[PDB]
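Observations on chain architecture
Residue-level listing of the chains:
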Amino acid sequence: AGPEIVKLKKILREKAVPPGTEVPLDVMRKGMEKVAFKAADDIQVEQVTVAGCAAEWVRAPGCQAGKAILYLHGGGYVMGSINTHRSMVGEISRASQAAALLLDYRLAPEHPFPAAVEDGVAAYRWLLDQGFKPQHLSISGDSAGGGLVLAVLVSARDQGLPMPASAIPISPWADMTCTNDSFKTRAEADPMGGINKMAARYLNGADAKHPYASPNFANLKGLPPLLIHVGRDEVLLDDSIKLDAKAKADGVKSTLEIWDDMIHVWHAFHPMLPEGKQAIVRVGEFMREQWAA
């Protein structure tokens, strides 16, 4: 249906390491840093520290005064940084006209679970304490960071925190047991097991069904409206279908949208992918929808 994903899928295929090759952690970290998209030049950035983590407010133009996004990057809980996700987050800020807080939360295996959860709740709390009003808040995250979105919500709700206006997990990883069908069914279509070594590194012997590690098994009752993006052609399809089905069950509003022909966090390829640009427009549409209500 699209000539851009075809071009892009072949590119990501030519580029990937053979299946089942063991790449050092420091080697995958730097590689992700080395190939990271550069933020559009009209995105301004301000470095802060938030709950003892490095952070940047990432403000595109048009940003409105009351509003913010706690944004939680992907990387399997072991890699990714402010730098690797600054581009896509600039675009989410554009679309939603709210500044992103882009948190450099603690990474495994130097800092195992629940460290990353502990940072998310703390950044959220820090936002409220700055006097952002929950109803002026959004939370969003890709992949590992999309499960964290949820984990932080459940966690913050257990702690007495008010829920934000919406939550957008993009290609969420919300099940550390990695047993879902799509790992097998959808695996010839991901250009893109290696993800088990990251559960092992995050968990570090913890219960893999621990609600805050794998939020597909958490009590979700009370959480605010969900938009969940995932690509049909990606390993983690099931996580998103089961997140939505569990949200449903637990009283929560979600819109799952499986985008056909798309790969993992296709949003990140906005610079060359039309679906990427439009999925980002749609995220910002959805946070702006939840803010008007």
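- For this entry, the PDB record names X-ray crystallography as the structure determination method and reports a resolution of 2.40 Å.

1. Some points on the overall build of the protein chain
- Counting secondary structure elements, the protein chain contains nine helices and eight strands.
- Dimensions of the protein chain along its principal axes, counting C-alpha atoms only, are 50 × 40 × 35 Å.
- In the protein chain, which comprises 293 residues, the share counted as buried stands at 56%.
- If you sum the accessible surface of the protein chain, you get close to 12,300 Å²; carbon and sulfur atoms cover 53% of it.
- Side-chain charges of the protein chain comprise 31 positive and 34 negative groups, with the mean position of each set lying 1 Å from the other.

2. Some words on the pattern of salt bridges
- By the definition in use, this model includes 16 salt bridges.
- The closest approach of N and O atoms between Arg232 and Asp260, which form a salt bridge, is 3.1 Å. Separated by 28 residues along the polypeptide, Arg232 in the loop between β7 (226–231) and α8 (237–250) and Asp260 in the loop between β8 (254–259) and α9 (274–292) bring together distant segments of the chain.
- Residue classification places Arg232 among the partly exposed residues on the basis of a relative accessible area of 35%.
- Connected through salt bridges with shared partners, the residues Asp42, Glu91, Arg94 and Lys277 form a single ionic network.

3. A closer look at the packing of helix α3 (residues 82–96) against α9
- The interhelical angle for the contact between α3 and α9, taken along N-to-C directions, is 45°, at an axis separation of 7 Å. Taken together, the axis directions place α3 and α9 in an arrangement best described as oblique. Crossing hand, α3 versus α9: right-handed. Between α3 and α9, the residues in contact are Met88, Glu91, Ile92, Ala95 and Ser96 and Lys277, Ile280, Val281, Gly284, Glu285, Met287, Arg288 and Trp291, respectively.
- The residue makeup of the contact of α3 with α9, split by class, is seven nonpolar, two polar and four charged.

4. Quick look at the environment of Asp260
- Residue classification places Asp260 among the partly exposed residues on the basis of a relative accessible area of 48%.
- Residues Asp260 and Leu237, 23 residues apart in the sequence, show an inter-C-alpha distance of 11 Å.

5. Examining the packing of aromatic side chains
- Evaluation of the coordinates by the stated rule reveals seven aromatic pairs.
- Taken together, a centroid distance of 6.2 Å and an interplanar angle of 45° make the contact between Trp57 and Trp126 tilted. One end of the pair, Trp57, is in strand β2 (residues 53–59); the other, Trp126, is in helix α4 (residues 115–129), with 69 residues separating them in the sequence. Exposure class is identical for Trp57 and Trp126. Each is buried.
- Their ring planes at 45° and their centres at 5.6 Å tell us that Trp57 and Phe132 sit as a pair that is tilted. A residue pair is termed long-range when its members are at least 10 positions apart, and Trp57 in strand β2 and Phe132 in the loop between α4 and β5 (137–142) qualify at 75 residues. Of the two residues, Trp57 and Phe132, neither departs from the other in class, the shared state being buried.
- Of the aromatic side chains, those joined through ring pairs into one cluster are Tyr77, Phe113, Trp173 and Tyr202.

6. So, the pairing of β5
- Taking burial as the measure, the six residues of β5 include six buried ones, the bulk of the element.
- Alternating positions in β5 separate into two faces, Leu137, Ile139 and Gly141 on one and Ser138, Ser140 and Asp142 on the other, with burial throughout.
- Direction of pairing for strand β3 (residues 68–72) relative to β5: parallel, over a ladder of five bridges. The partner of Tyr71 across the bridge, within β5, is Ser140.
- As paired elements, β5 and strand β6 (residues 166–170) share five bridges and run parallel to each other. Residue pairing across strands places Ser140 opposite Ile168, the latter belonging to β6.

7. Here's the deal with the environment of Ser87
- Following the sequence through the fold, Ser87 ends up in helix α3.
- Residue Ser87 is classed as buried on the basis of its relative accessible area, which comes to 4%.
- Separated by 79 residues in the primary sequence, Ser87 and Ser166 place their C-alpha atoms 22 Å from one another.
- The residues touching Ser87, leaving out its near neighbours within four places in the chain, are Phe37, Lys38, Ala39 and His270.

About the cut-offs
In this view, residue numbering begins from 1 on each chain in the order the sequence is written and may differ from the entry, while residues that lack coordinates are not shown. Here the side-chain values reflect all heavy atoms present in the structure, with hydrogen atoms and water set aside. Under the scheme used here, helices are H or I runs from DSSP no shorter than 4 residues and strands are E runs no shorter than 2 residues, and both carry numbers assigned from the N terminus. Classification of residues uses two cut-offs on accessible area relative to the type maximum, computed with a 1.4 Å probe and protein chains only: under 20% is buried, over 50% is exposed, and between them is partly exposed. Areas reported here follow the Shrake-Rupley algorithm with a probe of radius 1.4 Å; residue values treat only the protein chains shown as occluding. In this count, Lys and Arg are taken as positive residues and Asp and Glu as negative ones, while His and the chain termini are left out. We put the charge of a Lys on NZ, of an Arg on CZ, of an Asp on CG and of a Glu on CD. One side-chain nitrogen of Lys or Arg within 4 Å of one carboxyl oxygen of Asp or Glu is enough to make a salt bridge. Structural elements are reduced to axes, namely lines fitted to C-alpha atoms, with helices fitted over the stretch in contact, and the angle between N-to-C directions of any two is expressed from 0 to 180 degrees. Throughout this description, any angle smaller than 35 degrees is read as roughly parallel, any larger than 145 degrees as roughly antiparallel, any in the 65 to 115 degree range as roughly perpendicular, and the remainder as oblique. Crossing handedness: left-handed means the near helix sits turned counterclockwise from the far one by under a right angle, and right-handed means the same turn made clockwise. Note on definitions: a residue-residue contact is assigned when non-hydrogen atoms from the two residues lie within 4.5 Å. Residue polarity follows a fixed list, in which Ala, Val, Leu, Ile, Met, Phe, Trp, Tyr, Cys and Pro are nonpolar, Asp, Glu, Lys and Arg are charged, and the others, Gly among them, are polar. Only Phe, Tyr and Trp rings are paired, with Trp represented by its six-membered ring, and only when their centres lie within 6.5 Å; those with planes under 30 degrees apart are stacked, over 60 edge-to-face, the remainder tilted. For two strands to be treated as a pair, DSSP must find no fewer than two bridges joining them.

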